[PDB]
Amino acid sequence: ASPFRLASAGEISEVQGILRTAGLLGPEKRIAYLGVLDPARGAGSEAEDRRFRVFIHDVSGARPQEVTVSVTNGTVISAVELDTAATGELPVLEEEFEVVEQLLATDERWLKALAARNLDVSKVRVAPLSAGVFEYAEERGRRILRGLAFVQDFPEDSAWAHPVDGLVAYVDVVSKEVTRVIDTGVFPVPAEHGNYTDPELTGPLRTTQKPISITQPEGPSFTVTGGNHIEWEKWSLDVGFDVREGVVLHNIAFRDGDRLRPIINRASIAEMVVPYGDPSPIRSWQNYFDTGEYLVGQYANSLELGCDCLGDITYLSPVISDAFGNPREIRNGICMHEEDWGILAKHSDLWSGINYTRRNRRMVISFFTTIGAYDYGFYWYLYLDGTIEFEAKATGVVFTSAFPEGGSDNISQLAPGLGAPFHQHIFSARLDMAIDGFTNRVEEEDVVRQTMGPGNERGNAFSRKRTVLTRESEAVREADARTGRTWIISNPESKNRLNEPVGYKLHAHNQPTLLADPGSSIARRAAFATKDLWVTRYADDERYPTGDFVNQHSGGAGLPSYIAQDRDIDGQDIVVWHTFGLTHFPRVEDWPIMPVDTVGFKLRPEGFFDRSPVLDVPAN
């Protein structure tokens, strides 16, 4: 009955049927995106109106369409033809990946480049990469992928060990034409293999690791109802899944006494971009919008018990559409479990003689995805004490190049001849806030140092200051780790027992933001990534910091256009967009396969409760 339930195979089948009946899904059509829409703002609601948004591609060259259907009522709500040269191309189709290597294999320019390097075309893999927007005027309005080559010596060889530098091709995946083949000269193709399951590389496997057993004899402390509604240690939420964003959290709330108190209406990773910092023509165009261009949900791994998720695990198996509108299940794509998290609170008091210790635990909701060479785990945490946290785990294989003979300022050496171009992984968390309801505001809080003098004669005093962000034009904020800068989301109309507005404090990691020159294509296309914090007024159609269509789309949409409306955000329905990321200068230890590195953020209650919310936790 819940409007936030996961999409079912039946719903997706029904969308297909509605589209078919309306003449919108003939044999030339492909679904590039399909997702359920969140219920509109309105508590005087339906029984249910389940609506789905669809991006429909046409393989014959006709204009694509954005369509919204109501599966409940069996109707097309709206359908509009898209001008992709203006508003952006549709996401890359999983079927268009194949096209590049296949087309190149019969291109005479490409064959000549491979022959120049004495490479067998049968052994040359081509990475099908998003093209972005640069100086190639003929690409405007066309679906283009750029190809980079890697040699695979045998079917189970890691081709990343053998990059073919000095060569790139551009391909029109609809007309099936190789538009350009650029060869800037031969580089040695690194010979050393990177096969991390090969005994000659691993050496004998450790026999020293004894088992660690994590079990729950009485089962988990959380409940799952209606498919995806979670209740755990006073927390309440709905776990959704979208093919673009991946796992999405809905209606995060906390049961404080008799009241269910909202905290966050919707939490997601609304975009993630991987800009490369190697100025070589072979890769200077390279920027992966994993979420916006590729759709990270689509590549969600099936998570194996014991391996990926250890302990008492409850799985969700979200359903997505394939390119033809048939449902496909991602079996065990989402892990849910609780884990011990050390000490929660502890004090040994001399005067009272009481020794008090309590243990902490956290609820985990996670999935793991794969985009070519690299892999990411997305983890959401709920803690006993009201803390909410997100963590990204970056791993996989590094994207490689040749390592230039006389060294490089933009590439590190991993192995003889083998380079790793510098890059970042930058995430945007979209937090549709609801601190005790929708009337919220944001303050920027800085530590304030004080000068020794009257009123502070010993020079020990320090303080803090808070600045309300009142309009969107003043709500684009940068980190300041030196002054302990955080952002507090409060409800000015809901006060704690001490008569202060209830709040939550956002703690960022203060990692560097986008490094690219402000005049670059990527700085315009990934404008969100250039600042740590954005606050907007809630609107239905403002979903991604990069807009609806990121593929081969210039600047013009996304957060910079939303912010321009300069709307009132002081005690209103607001959305926080937090930019955070990793800056990766790859090290030798990252090769042949990369150990997990992490980045994230957290929010802690800040006068939200009238006292510690974990006084009722037992010793046990």
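A residue's number is simply how far along the shown sequence it sits, counting from 1.
Participant: Looking at the deposited entry, does 596 to 604 or 7 to 15 carry the larger mean Cα B-factor?
Facilitator: Looking at the record's C-alpha B-factors, the answer is 7 to 15.
Participant: So which stretch wins on mean C-alpha B-factor, 399 to 407 or 230 to 238?
Facilitator: Mean B over CA atoms: larger for 399 to 407.
Participant: For the listed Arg525, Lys112, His507, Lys531, which has the peak Cα B-factor recorded in the PDB entry?
Facilitator: Across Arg525, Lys112, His507, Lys531, the entry lists the biggest C-alpha B-factor for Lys112.
Participant: Quick one: which of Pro545, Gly372, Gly257, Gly377 shows the highest Cα temperature factor in the PDB entry?
Facilitator: It is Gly257.
Participant: What third of its chain, lowest, middle or highest, does the C-alpha temperature factor of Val173 fall into?
Facilitator: For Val173, whose C-alpha B-factor we compare with every modelled residue in the chain, the answer is the middle third.
Participant: Divide the modelled residues of the chain into thirds by Cα B-factor and specify which third, lowest, middle or highest, holds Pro64.
Facilitator: Answer is middle: the recorded C-alpha B-factor places it there.
Participant: Which third, lowest, middle or highest, does the C-alpha temperature factor of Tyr538 belong to within its own chain?
Facilitator: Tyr538: CA B-factor falls in the middle third of its chain.
Participant: Taking only the Cα B-factors deposited for this chain, tell me whether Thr583 sits in the lowest, middle or highest third.
Facilitator: Its C-alpha B-factor, which the entry lists for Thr583, ranks in the lowest third among residues of this chain.
Participant: Within this chain's modelled residues, let me know which third the CA B factor of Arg464 belongs to: lowest, middle or highest.
Facilitator: Within its chain, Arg464 is a lowest-third residue by C-alpha B-factor, going by the deposited values.
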